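Only one structure is covered here, and it is reproduced in the block below.
2 protein chains.
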Amino acid sequence: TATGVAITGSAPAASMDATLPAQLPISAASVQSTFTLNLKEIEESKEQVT
Amino acid sequence: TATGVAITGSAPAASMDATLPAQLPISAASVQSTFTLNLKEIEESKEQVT
């Protein structure tokens, strides 16, 4: 703060600024897919499909 | 699909994209026309018409 007093006045109060902490977590969930195909399915897929 | 799971968790369920057929038949109908001209008509209109 910056207050106005007289010349013969005493003093203002303390008035120091502040900075605050800010934080965002990165330890939570992932994003996953799991498609999981076989071996017999992918063997006749070489000859059945155009 | 792609969902959210924790890192010390498990693996999500299966997912895979799909294809579909369309099949558009061409077997049934046909566009036609006829003439029906005589054999005297195609002779007396060869010595007359200009």
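As they're listed, the protein sequences go chains A and B.
Going by the numbering used here, the first residue of the first sequence is number 1, and it counts up by one from there.
Going by the numbering used here, the first residue of the second sequence is number 101, and it counts up by one from there.
In this text, a Cβ means the ideal position worked out from N, Cα and C, and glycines have one as well.
In the DSSP assignment, the beta strand (DSSP E) including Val-31/A goes from what residue to what residue?
From DSSP, the beta strand (DSSP E) with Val-31/A extends over 30–32.
Residues of its chain near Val-105/B, where Cβ-Cβ distance is below 8 Å and the 5 sequence neighbours each way are ignored:
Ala-111 and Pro-112.
With 8 Å as the threshold, decide whether the Cβ of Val-131/B is near any Cβ in chain A.
Taking Cβ atoms only, chain A never reaches closer than 8 Å to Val-131/B, which makes this a no.
Compare the Cα-Cα distances from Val-49/A to each of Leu-120/B, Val-131/B, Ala-102/B and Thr-101/B and report the closest residue.
Closest by alpha carbon: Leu-120/B.
What is the residue span of the alpha helix (DSSP H) that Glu-43/A lies within?
DSSP places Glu-43/A inside the alpha helix (DSSP H), whose first and last residues are 41–44.
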